[PDB]
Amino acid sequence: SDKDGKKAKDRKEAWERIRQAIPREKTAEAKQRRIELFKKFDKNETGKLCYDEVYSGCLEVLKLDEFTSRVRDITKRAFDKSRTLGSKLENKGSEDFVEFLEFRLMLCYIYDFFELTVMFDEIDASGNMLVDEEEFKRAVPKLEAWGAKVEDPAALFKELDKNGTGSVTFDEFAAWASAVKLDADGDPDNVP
């Protein structure tokens, strides 16, 4: 009852829009789109967003539900992570709200996580949003190219297969790689 109801087709079509909708690039052009986007989320104009606010905007502004029927889950992941990377770049301790910086990083995280999902769709034979060992290994060079090297594929496969079922979930695989790409990319407003 927590299985994602979207198939590869649904994701591929939603990604056409989403990949254009989320301003993830390190350009001045995207930098402004991010402000515009942040104002749509920050209805209370506090410049601090709690999870329900981020979730509402993810739902109603970004329309993430086109891509996945688990908006809750992806939103929470992005919310948590962006809060953790925010601490780092500012060299301050973490807060339990998302200020503009973290919002920017959330946008990038969701972008990366969805981009990876669409990629994994191309390799998931069962259409169950899991990858077996063989499919995992075919993803590995595409990830290196996309910006997340797997130095030890067999070790990563074992580590991410949390309960030892012999597949890795899209959520675990995509969370690993987005966390790498995010921390790599950093603040996209910091441009060049």
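So that there is no doubt, residue numbering starts at 1 and follows the sequence shown.
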Where do the C-alpha atoms have the higher mean temperature factor in this entry, in 24-32 or in 134-142? 24-32
Entry B factor averaged over C-alpha atoms, 93-101 against 110-118: higher for 93-101
Selection by C-alpha B-factor (highest) of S56, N44, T165, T68: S56
Report the third (lowest, middle or highest) to which the CA temperature factor of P153 belongs, ranking only the modelled residues of the same chain. lowest
On the chain's distribution of Cα B-factors, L160 falls within the third called lowest
Modelled-residue ranking by C-alpha temperature factor, third containing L62: middle
Quick check on the deposited entry: does the C-alpha B-factor of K6 sit in the lowest, middle or highest third of its chain? middle
Place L37 in the lowest, middle or highest third of its chain's C-alpha B-factors, as listed in the PDB entry. middle
